[PDB]
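**Q** Dumping the structure here so I can ask a few things about it.
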Amino acid sequence: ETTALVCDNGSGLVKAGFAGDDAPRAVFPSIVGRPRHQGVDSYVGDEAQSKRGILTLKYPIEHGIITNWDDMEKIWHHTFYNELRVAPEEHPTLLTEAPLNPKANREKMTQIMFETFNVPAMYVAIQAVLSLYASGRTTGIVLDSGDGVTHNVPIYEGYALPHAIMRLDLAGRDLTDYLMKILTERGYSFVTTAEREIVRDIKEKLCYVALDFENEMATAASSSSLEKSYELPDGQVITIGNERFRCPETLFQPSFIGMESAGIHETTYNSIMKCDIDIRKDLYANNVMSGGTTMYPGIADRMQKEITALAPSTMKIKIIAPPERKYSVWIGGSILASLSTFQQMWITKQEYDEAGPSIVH
Ligand SMILES: C/C=C/C(=O)C[C@H]1CC[C@H](C)[C@H](CC(=O)NC[C@H](O)[C@H](C)C(=O)NCCC[C@H]2O[C@@]3(CCC[C@@H](CC[C@H](C)/C=C(\C)[C@H](C)O)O3)CC[C@@H]2C)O1
Ligand SMILES: Nc1ncnc2c1ncn2[C@@H]1O[C@H](COP(=O)(O)OP(=O)(O)OP(=O)(O)O)[C@@H](O)[C@H]1O
Ligand SMILES: [Ca+2]
Ligand SMILES: [Ca+2]
Ligand SMILES: [Ca+2]
Ligand SMILES: [Ca+2]
């Protein structure tokens, strides 16, 4: 066939699909399972998830960086052959990487696409910058927060400013774990692997960011107005009250999970302050949120409040939170891969043959 592919590999989820679609058609867990003793060769994604229990399950991307290459090769095979139902040798493939991904790492991605999958052409794009593009901008500061890592990435005239990038190893998995902890403290039992998945769903369905933590805690202590009932698959019902906003509060106050790090408002400010003073105005007016961990209701308003408190009193602050932002990286990749002016930028199989891996730089 013909259509270019966009594969946005994350710590928790693979988002894959065809350039020109408006969302990824294949979204599945970035997990590879190989047989346990009871099992007695490899499974990926939803099937791995459902056959977990007779598999040893591994995440090949850790905090946004590919670390297990053999399992990553399995992910990509499943992506092409099982999910997209394509022959990879027939489709140019755009892949994504984390900010500050080592050069040796982008090179191994490239070596594998060509030497294992025989793709005709490929490209590796930085995730946060693709999210900025998806919002129609070439200058701004992205907060990209997923399952495994959070970054602040200031971007000027199309390209990230690497000296000002901030990485925080606090993201959605840590929030899921903390929700599990605080639900356990309330008296619920969430221990099994099935139960951890339930907690992730609760997080995604019911959590939100309070505008002011203390005020919200006081409302929750004196009223039922913030309570929600959540129905488990087996029919059991639990009440979630202040856990709804205590969970994502950790993004702003990482001390809730024992981390000494600055919160996401502070890392955003600190990143802007590492940039030339003459571009800061434009960064402040173009803070784009990306990634599943930015999906909490209330997060934009809270960011607005917190950045306003840190920034000069006359600064225009604007937080942009696209509704599609679980998929902003992928959408930016799709938009980019379609541009007429991008077609020259693909690395072709023939160019790889002459130069070797470092051509991707
Ligand atoms: C000159 C230096 C280049 C570098 O890559 C240096 C690196 C060194 C390391 C440093 C950390 C930084 C990294 C970086 O930002 N890389 C680029 C990044 O991967 C993005 C996704 C990309 O590949 N982007 C490629 C964009 C290619 C497009 O570039 C343009 C110019 C720049 C802005 C870009 C905007 C494309 C989007 C899809 C369109 C939008 C937002 C319209 C305006 O709505 O178009 C013209 C068309 C062209 C096809 O920059
Ligand atoms: N509505 C929501 N509310 C809160 N969290 C959400 C919501 N939807 C998804 N998430 C969380 O977003 C995360 C997945 O987001 P995303 O796909 O951007 O991450 P990733 O790319 O796999 O990881 P990373 O970018 O950290 O490598 C998960 O932790 C998931 O639970
Ligand atoms: Ca991601
Ligand atoms: Ca307070
Ligand atoms: Ca703290
Ligand atoms: Ca200057």
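Heads up, residue numbers simply count up from 1 along the chain you see.
Method of determination (from the header): X-ray crystallography, 1.4 Å.
A Cβ is built for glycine as well, from the same backbone N, Cα and C atoms used for every other residue.
This is the feature table in Swiss-Prot:
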type	residues	note
MOD_RES	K51	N6-malonyllysine
MOD_RES	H63	tele-methylhistidine
MOD_RES	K74	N6-methyllysine
REGION	100-113	region 'Interaction with alpha-actinin'
MOD_RES	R167	ADP-ribosylarginine
REGION	348-360	region 'Interaction with alpha-actinin'
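Relative to the rest of the structure, where do these features sit?
**A** Secondary structure at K51 (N6-malonyllysine), taken from DSSP and collapsed to helix, strand or coil, is helix.
Around the Cβ of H63 (tele-methylhistidine), a 10 Å sphere holds 18 further Cβ atoms from the protein chains shown.
There are 22 other CB atoms within 10 A of the CB of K74 (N6-methyllysine), with all protein chains counted.
Helix, strand and coil counts under DSSP for the region 'Interaction with alpha-actinin' (100-113) come to 11 helix, 0 strand, 3 coil.
Sequence-distant contacts of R167 (ADP-ribosylarginine), defined by Cβ-Cβ distance under 8 angstroms and a gap of at least six in the same chain, are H63, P99, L100, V149, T150, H151.
Taking Cβ pairs closer than 8 Å, the region 'Interaction with alpha-actinin' (348-360) reaches residues 103, 106-111, 114, 118-121, 124 in its own chain, all 6 or more past its ends.
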**Q** I need the CA-to-CA distance for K51 (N6-malonyllysine) versus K74 (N6-methyllysine), whole Å please.
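**A** A Cα-Cα distance of 16 Å.
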**Q** Provide the number of Cβ atoms within 10 Å of the Cβ of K51 (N6-malonyllysine), excluding the reference atom itself.
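**A** For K51 (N6-malonyllysine), the count of other Cβ atoms within 10 Å is 14.
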**Q** Sort out the residues at least 6 away from either end of the region 'Interaction with alpha-actinin' (100-113), same chain, that have Cβ-Cβ distances under 8 Å to it, and list them.
**A** 64-66, 69, 72-73, 76, 88, 93, 119, 122, 124, 126, 162, 165, 167, 347, 352, 357-361
**Q** Could you tell me the whole-number distance in Å between the Cα atoms of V40 and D41, where 7 residues in between were not modelled?
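**A** So the endpoints of the gap, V40 and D41, lie 9 Å apart at their Cα atoms.
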